[PDB]
Amino acid sequence: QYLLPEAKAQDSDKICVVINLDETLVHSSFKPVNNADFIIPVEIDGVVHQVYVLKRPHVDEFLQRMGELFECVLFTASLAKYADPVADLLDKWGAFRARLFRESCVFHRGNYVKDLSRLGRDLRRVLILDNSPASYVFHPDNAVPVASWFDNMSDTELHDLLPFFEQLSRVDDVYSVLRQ
Amino acid sequence: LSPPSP
Ligand SMILES: [Mg+2]
């Protein structure tokens, strides 16, 4: 079995891009954060604790456009009980066609690795956007790096990457740009 | 949260 079903007809032509959540699109914390964007109750061993989520600047512009250009898949090493609520509040346009959590990662030498080869998509039409180079150790030529984000609101990295994804969404083989 | 290691 593959992690993903066959892409729907309106997606199958598009490149797949797997998008990381934490420190890529948002940063969360159990330490209280004033003026948080979202707060999400998460049960850990029976006790509910509040998780304070901040949105990386320009994430809404980023997700709305990316959902047009690609078959976008959320792929995080975190747990669904936290990620699904976060994704529900972020994805206001239905950009994520699927969501993949910790149990879909491969544990490789102390790191959770996103094994793109188990997606079920031609790797020449797959990209990964992740703040941890360790997450894409098996497919480094499929990767678009982004710096980890925590709380810098001057950050514009998602905004600055859009013209580059515009190019990538139109090639036939992403390796022609990322070098085979 | 998405941990580097468990
Ligand atoms: Mg990350």
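We count ligands from 1, going down the list as the structure has it; atoms in each ligand are counted the same way. Keep in mind that the numbers below use all heavy atoms, side chains included, and drop hydrogens, waters and symmetry copies. Chain identifiers are assigned alphabetically (A, B, ...) following the order of the sequence lines, protein sequences preceding nucleic acid strands; residue numbering begins at 1 within each chain.
Ring geometry, A:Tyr112 versus A:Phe107: the interplanar angle falls from 30° to 60°, so the pair is classed tilted.
Between A:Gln50 and A:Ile39, the closest heavy-atom pair is OE1-CG2, 3.5 Å. Of all non-hydrogen atoms in A:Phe75 and A:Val18, the two that sit nearest each other are CB-CB, 4.2 Å.
A:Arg65 has no carboxylate O lying under 4.0 Å from a charged side-chain N of A:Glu61, or vice versa, which leaves the two without a salt bridge.
Listing protein N, O or S atoms at distances below 2.8 Å from the Mg ion (ligand 1), with waters left out, gives A:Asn20 OD1, A:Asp22 O, A:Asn131 OD1.
The closest donor-acceptor contact from the side chain of A:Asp37 to the backbone of A:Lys55 lies under 3.5 Å.
In this structure the side chain of A:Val144 reaches within 4.5 angstrom of the side chain of A:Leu161, judged on heavy atoms.
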